[PDB]
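Colleague: Take this sequence and fold it.
(chains A, B, C and D)
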Amino acid sequence: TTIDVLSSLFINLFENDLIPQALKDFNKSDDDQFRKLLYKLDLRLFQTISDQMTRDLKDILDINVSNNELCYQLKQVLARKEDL
Amino acid sequence: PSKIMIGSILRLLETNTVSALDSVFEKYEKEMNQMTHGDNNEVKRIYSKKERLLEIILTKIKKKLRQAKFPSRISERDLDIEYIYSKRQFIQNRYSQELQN
Amino acid sequence: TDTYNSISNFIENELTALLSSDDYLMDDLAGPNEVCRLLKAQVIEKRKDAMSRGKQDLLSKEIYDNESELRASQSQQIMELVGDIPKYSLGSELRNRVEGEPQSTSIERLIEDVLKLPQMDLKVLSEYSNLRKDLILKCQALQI
Amino acid sequence: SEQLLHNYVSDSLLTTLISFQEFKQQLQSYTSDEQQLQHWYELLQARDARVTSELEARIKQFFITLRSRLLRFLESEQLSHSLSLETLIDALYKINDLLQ
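Modeller: Numbering: from 1, shown residues only, chains lettered A, B, ... in the order given. Take a look:
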């Protein structure tokens, strides 16, 4: 009853809070390579977190639906076995 | 919201985030060293500083997620990507062998 | 066989993993950080559901159907070729002795089996015919 | 089905997914120059080919390699249903010895 509230809230959190947090810090640090670094790796971490959780939540949904779907096709295969 | 539900989300959030943190560190390590003076120790210290800061954020999510209304029925045994991926592999093998028979 | 698993692995790793990670590789090649950050947006969101596990499973199933039909035809066009006699067309004693020790012997069974042997390389055919005729004469001589 | 995979990989190319004018306008608010964009786009075509040619090689070898194992697998069972006439003569010789 709350699956795409949960995933949407997580995805919303990353682009709304995480991504700008490192992005603004990454933008600010042009004077300091070592701090601009920490913020660039944080920005890459938050971008990869963004894309990774987006298609990982897509993956939990897709794996669930495709598992049910493959179960049904397996029923079909068993029916063929019985006929033979 | 059930403590089991809150935890199961926390396990997904924390475990996935660290898997992003270690993966990005090793993926980008080639452009990491020239400006950390090539010190893997400093990289580890840099990891620790961001780990606690990420934990500070993650704990911020926890103490804000705990009051977020959720049910209790969803199982923690299925709320993990790797387990359902292994299930995908298992059913795939079942499918193939049944077809050939 | 389990060729469905083979094609599934091929599409998921050799193709889907390759090009999905090639999105990130094109990202790294273009950088111009925001270039790649956008590159991962519009082509990928035009790519959505064309690389889903559902779509991968569907296309792999289609490929499996194609290959199964093709190998079925390939088997069908070799069912008929036999440069030999087939099994079940020769008496029990012969189909036993030819492949293993019969575990028992009976001369009467042997003669009423060898009397059934049909007419037919050319040297094998010649020795077959001569040996069979000699054997028929042998059992006739017995009976007499 | 080599052509199926060839179509899928050709469809999956980024250059296939974005035209130049398309490629321009998502990047128009961002990049500086059309010709500089074209450099990446002609790079995008001059690049997106060599994977395609590489992708052709692996799908081609993939589809023929499985055909080889299927064929020999199918051929093997036929050997269990036919009897070598030479072995039949090998048996008939000893049968004649018994009768003798």
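Colleague: Closest to the centroid, which residue in chain A?
Modeller: Residue closest to the mean C-alpha point of chain A, counted by C-alpha atoms, centre = their mean, is residue A:53 at 1.7 Å.
Colleague: where exactly do the helices run in chain A?
Modeller: For chain A, the helices defined by DSSP state H cover A:3-13, A:19-28, A:33-83.
Colleague: out of those helices, nearest to chain D?
Modeller: Closest to chain D of the helices of chain A, according to C-beta to the nearest C-beta: helix A:19-28, at 14.8 Å. No exception for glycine: its C-beta is placed from N, CA and C like everyone else's.
Colleague: Briefly note if the closest one comes near chain D.
Modeller: No - using C-beta under 8 Å from any C-beta of the partner chain, helix A:19-28 stays clear of chain D, coming no nearer than 14.8 Å.
Colleague: Mind giving me the packing neighbours of that helix?
Modeller: Here helix A:19-28 touches helix A:33-83, going by 3 or more C-beta pairs under 8 Å, 6 or more residues apart in numbering or on different chains; DSSP states H and E.
Colleague: quick check, the helix it packs on touching chain D?
Modeller: No - Helix A:33-83 stays clear of chain D (C-beta under 8 Å from any C-beta), getting no nearer than 15.8 Å.
Colleague: Mind giving me the packing neighbours of that helix?
Modeller: Secondary-structure packing of helix A:33-83 (3+ C-beta pairs under 8 Å, 6+ apart): helix A:3-13, helix A:19-28, helix B:3-27, helix B:40-65, helix B:81-100, helix C:53-79.
Colleague: Switch these over to a markdown table; also include mean neighbour count.
Modeller: Formatted as a markdown table, the helices and strands packed on helix A:33-83 follow (neighbours: other C-beta atoms under 10 Å in any protein chain shown):
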| stretch | mean neighbour count |
| --- | --- |
| helix A:3-13 | 15 |
| helix A:19-28 | 16 |
| helix B:3-27 | 17 |
| helix B:40-65 | 14 |
| helix B:81-100 | 15 |
| helix C:53-79 | 16 |
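Colleague: any chance of these in TSV, plus distance to residue C:129?
Modeller: Shown next, in TSV, are these (distance: least, C-beta to C-beta, whole Å):
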stretch	distance to residue C:129
helix A:3-13	80
helix A:19-28	89
helix B:3-27	76
helix B:40-65	85
helix B:81-100	44
helix C:53-79	28
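Colleague: Tell me the residues of chain D that contact chain B?
Modeller: Counting by C-beta under 8 Å from any C-beta, no position of chain D is adjacent to chain B.
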